[PDB]
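All remarks here apply to the structure that follows.
Residue numbers (our numbering), protein chains in the order written: chain C, 36 to 325; chain Y, 36 to 325; chain D, 56 to 304; chain U, 56 to 304.
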């Protein structure tokens, strides 16, 4: 499943403009953009709903695709179990009791799986939508705002369960969603949509050079600290007038402070300036609205 | 509008437990809670859709209330401008041309103000419903998640417009919504709801913002380090779950690192950042899940 | 003020009626059916000098226009409950009472409009054909009958739509309630030895005698029937005001 | 495989059909209406020895059951577009074509079951009353006619639902297409100097002759009608497959 040089047009308005995508050694990808830029259109192209792609898409037939396109699609007058059984039989290979039971048990829908979907709440429908989508046993899962009616704690719980299923079954997810602070907790890479194209693509494990960590130390220790950092990692900017040293972004601060605390050194201050999804998204997108 | 000793119950299930409320020297107030905890019930409690509370709810008849509850409320068949005019007559005092023009111009709905609601998307229809709420010229304005499926830029500009109208008219707003970072963007004071009560009340007036340092450590050592820092460096507020300890503003970490080294306990992660409602929210509401 | 808010709401509900194309489609279909029925009813099984008597057309137009007007009333009344926007109109107590009064005022004004449409259609029928014109007092008292019918049934269906807040049940229940009594009476009333007693006693149950009397081409009321019908309308209005101010949504 | 997927879909929509209260409400209404119509039409208009002629009951039961099965078909085929869960099925080309084959098998099965319903109800009516029963070959040919009628109209409305993605409009068009042509035809065809010519040419437009012979109590066909109907059903099936594989949401 790869997309190369994809352009889709509606009359005279250009939605997609020469986009390529490939799942290369990554499990969770995030899609971020504004409203009406063609996020649902790119997901539909990646899904199969739209047919006039005007390019080439290579997808194996044995692989199943599961998706959610923003509002839940369920049977309102009928119950959740009816929906689960039907989309497992209709879209997937079949129904298995152990596998379905594990799915039900992991999500936490035991008290209300036999209640009518009409009586559900918004977060209940969102979870039911994710579960019905997952019932296909897909190889690629594509969710459009799966967390558009649930609380932040609920968001952490749903994403952690989703990651756990990423590990229990080798599966790859493509996610388009707002609330980038919720996407950054568990994600491997992010793609940014602007002016109909994905302007920047960021892989979070390797990081980018714009992410920075600023460490300030004493004047007597400045030489020794600079020597150690020059020995161990790459140094980009050093400012003697400022007293500030710039190092690469690190998720864990443990080993660095261990080394300095073992050598009896205490920095006066530490903080980080980083090009996170909020900074890159806002700097790129403040250019066309304000 | 003030509430005093409100206790509403549905049979055996209790939703509210002896709450009191009042807009005390605050202009924008946020209501935060989980999903299905009684957030929509509280919105109904404050606004007036429920009468059997066995108490006293104090509102004056000369002040109108324009509101937003979960789903946007509009006439889907008719047009947006028709909805605006109709709800201006049914709820407000009359038709003001300049005032109405200002509302459309500030929100940005003019290109599509004459188009049918069925051709709208979710954020635009919700924003128009918010404009309908301001059409009433209320003294109290209540919104249930106004920014659910709208991009960050859209949320910041709509809230900014709301503030410019909070200065154009002497108005007081309560917003119950997720996206607590959007709440710190536009809110003056926040209240936290758990088990029908407002557990904590944080007031922010100046841009001091109470910068804080985060220390993470395992439980068997967290007790001793928490105790030790309470006997030594004066504490304001405490967050147990996220591990936030608030000493006064300290420029230099040397005395902290030296004391923590002599304590033989060590942090996994240390950072300084502006405080937010997310840490407090997690402290209040991790109690039911675990 | 409150007076302007009630009158403006009735005015805007009428404006909402006059713009939709279904109102003029209903008028076109009803006029075509009444004209075909009138031609079939008088110009073919006897072969007169194309004289038409108007009692049968009166009865047919009454039944068709009442059932159509009832459906128009149920749809307009339950519009807000279908879209859920009703939860926006139940803010204060004074608003909830002005809401109920305004809905009743909308019912009286809608009833007047349907009575006027029924009068004009029958006049156009009279203009097309030849015969003996009717009298104004029949139409005025007919207007009273439209008013009584629509207010009573609208308040009953209003109570049901407040209690259940579901619309498909209201439409099916309204259709069933209007159309079951003429359908059900021949297959069951003629059987009992208690049938004559139950039939005279059906003259005091408001559903039974009002529904029975839509088909008849002339209405005749006693003092007890007029008092009980007006009292039932008043009791439903009082009950609606009390329940809207004591029900929790 | 795909075969199990299609058969599983036909079994599950029919299962969803069998688990609703409206299916039996519909059976009770059709049986009550047909029994009253048959009793009124044969047991009192000449006071016989309670003999009943089955052509009128056949035509009335066939007519009522067709308009009820038609509404059941429009609802079944428009359910997914109404709730928008059809978006979940239009994913790959193989599922989109298996979808069309499965809907065709579902339409075939609903038509066969409703024909069986017609058979059981008419058989009970014949058992109760007195006369000469009809031959089985008439019922088999009648079964074929149910199949043809339902297949044609379901595919036509499927094309319409693909173009519009609105459900109220389809419901209106279904009622409009069934009930307007028999209603308009007597009041206008005898008028022109082209009516006999248009009437004979009315036997080749599929909508027109299928609805005209719909209210007849016996059907008869020519070779040209059979070829045109079969070609039209096949062309709609091919057109549906091509449009479903070429449309974008």
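C-beta: ideal position from N, C-alpha, C; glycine also.
Just the Cα atoms here: how many angstroms apart are residue i and residue j?
{"i": "residue 288(C)", "j": "residue 287(Y)", "result": "18 Å"}
{"i": "residue 297(D)", "j": "residue 105(Y)", "result": "27 Å"}
{"i": "residue 263(U)", "j": "residue 100(D)", "result": "29 Å"}
{"i": "residue 63(D)", "j": "residue 171(Y)", "result": "15 Å"}
{"i": "residue 192(D)", "j": "residue 198(D)", "result": "10 Å"}
{"i": "residue 201(Y)", "j": "residue 283(Y)", "result": "34 Å"}
{"i": "residue 320(C)", "j": "residue 188(Y)", "result": "8 Å"}
{"i": "residue 187(U)", "j": "residue 272(U)", "result": "16 Å"}
{"i": "residue 122(D)", "j": "residue 114(Y)", "result": "29 Å"}
{"i": "residue 103(D)", "j": "residue 185(D)", "result": "12 Å"}
{"i": "residue 114(U)", "j": "residue 270(U)", "result": "6 Å"}
{"i": "residue 61(Y)", "j": "residue 109(C)", "result": "42 Å"}
{"i": "residue 247(U)", "j": "residue 80(D)", "result": "26 Å"}
{"i": "residue 212(U)", "j": "residue 91(C)", "result": "34 Å"}
{"i": "residue 299(D)", "j": "residue 231(U)", "result": "40 Å"}
{"i": "residue 207(C)", "j": "residue 58(C)", "result": "8 Å"}
{"i": "residue 214(D)", "j": "residue 220(D)", "result": "10 Å"}
{"i": "residue 153(D)", "j": "residue 105(D)", "result": "52 Å"}
Counting C-beta neighbours from all protein chains within 10 Å, is the total for residue i 16 or more, i.e. buried, or is it exposed?
{"i": "residue 183(U)", "result": "exposed"}
{"i": "residue 91(U)", "result": "exposed"}
{"i": "residue 141(D)", "result": "buried"}
{"i": "residue 195(Y)", "result": "exposed"}
{"i": "residue 229(D)", "result": "buried"}
{"i": "residue 93(D)", "result": "buried"}
{"i": "residue 153(Y)", "result": "exposed"}
{"i": "residue 56(D)", "result": "exposed"}
{"i": "residue 227(U)", "result": "exposed"}
{"i": "residue 204(C)", "result": "exposed"}
{"i": "residue 272(C)", "result": "exposed"}
{"i": "residue 84(U)", "result": "exposed"}
Determine the extent of the beta strand (DSSP E) in which residue i is found, giving its start and end residues.
{"i": "residue 39(Y)", "result": "37-41"}
{"i": "residue 71(Y)", "result": "Unbroken run through residue 71(Y): none, as it is neither H nor E."}
{"i": "residue 102(C)", "result": "100-103"}
{"i": "residue 91(Y)", "result": "91-93"}
{"i": "residue 282(C)", "result": "279-282"}
Got a sec, what are the start and stop residues for the alpha helix (DSSP H) residue i sits in?
{"i": "residue 65(Y)", "result": "That residue, residue 65(Y), is in no alpha helix (DSSP H); its beta strand (DSSP E) goes 63-67."}
{"i": "residue 144(Y)", "result": "Residue 144(Y) -> no alpha helix (DSSP H), and no H or E assigned at all."}
{"i": "residue 59(D)", "result": "57-74"}
{"i": "residue 139(D)", "result": "Per DSSP, residue 139(D) belongs to no alpha helix (DSSP H) and is neither H nor E."}
{"i": "residue 209(U)", "result": "191-219"}
{"i": "residue 240(D)", "result": "223-243"}
{"i": "residue 120(Y)", "result": "115-126"}
{"i": "residue 291(U)", "result": "278-299"}
{"i": "residue 253(U)", "result": "250-256"}
{"i": "residue 265(U)", "result": "261-267"}
From the beta carbon of residue i, is the nearest beta carbon of chain B less than 8 Å away?
{"i": "residue 126(U)", "result": "Considering every chain present, this structure includes no chain B. Its protein chains are C, Y, D and U."}
Does the segment 141-149 of chain C come close enough to the segment 72-81 of chain C to have 3 or more Cβ pairs within less than 8 Å? Too few Cβ pairs lie closer than 8 Å, so no.
Which runs of the beta strand (DSSP E) fall wholly inside the segment 284-313 of chain Y and span at least 3 residues, in chain order? If we require 3 residues or more, the beta strand (DSSP E) runs fully inside the segment 284-313 of chain Y come out as 305-308.
When you compare the segment 166-179 of chain Y with the segment 95-112 of chain Y, are there three or more beta-carbon pairs, one atom per stretch, that lie closer than 8 Å? As far as the Cβ criterion goes, the segment 166-179 of chain Y touches the segment 95-112 of chain Y, which means the pair count is three or higher.
Touching or not, the segment 210-225 of chain C and the segment 311-321 of chain C, by the rule of three or more beta carbon pairs under 8 Å? The segment 210-225 of chain C, when compared against the segment 311-321 of chain C, does touch it at the 8 Å Cβ threshold.
I'd like the ranges of any beta strand (DSSP E) spanning at least 3 consecutive residues and lying wholly in the segment 200-239 of chain Y. Uninterrupted beta strand (DSSP E) stretches at least 3 residues long and entirely within the segment 200-239 of chain Y occur at 207-211, 224-229 and 232-238, given in chain order.
Touch check for the segment 119-128 of chain D and the segment 161-181 of chain D: three-plus C-beta pairs under 8 Å? Touching, per the Cβ criterion.
Using 8 Å as the threshold, is the segment 227-241 of chain U in touch with the segment 257-276 of chain U, meaning 3 or more CB pairs across them? Because the criterion of three Cβ pairs below 8 Å is met, the segment 227-241 of chain U and the segment 257-276 of chain U touch.
Please specify which runs of the beta strand (DSSP E), each continuous and at least 3 residues long, are wholly inside the segment 163-197 of chain C, giving them in chain order. You should have 175-179.
Could you tell me which whole beta strand (DSSP E) segments of length 3 or greater appear in the segment 239-275 of chain C? Taking only runs of at least 3 residues, the beta strand (DSSP E) segments lying wholly in the segment 239-275 of chain C are 247-251.
Quick test of the definition: if touching needs 3 or more C-beta pairs under 8 Å, does the segment 132-146 of chain Y touch the segment 86-98 of chain Y? With a cut-off of 8 Å, the segment 86-98 of chain Y and the segment 132-146 of chain Y do not count as touching, because too few Cβ pairs lie within range.
At 4 residues or longer, and completely inside the segment 138-184 of chain D: list those alpha helix (DSSP H) runs for me, N to C. Listed in chain order, the complete alpha helix (DSSP H) runs (minimum 4 residues) inside the segment 138-184 of chain D are 148-183.
Are the segment 300-310 of chain Y and the segment 246-259 of chain Y touching by the rule of at least three beta carbon pairs closer than 8 Å? Between the segment 300-310 of chain Y and the segment 246-259 of chain Y, the count of C-beta pairs closer than 8 Å reaches three or more; the two stretches touch.
Threshold first: 4 residues or longer. Then list the alpha helix (DSSP H) segments lying entirely within the segment 86-128 of chain D, N to C. The DSSP assignment places no complete alpha helix (DSSP H) segment of no fewer than 4 residues inside the segment 86-128 of chain D.
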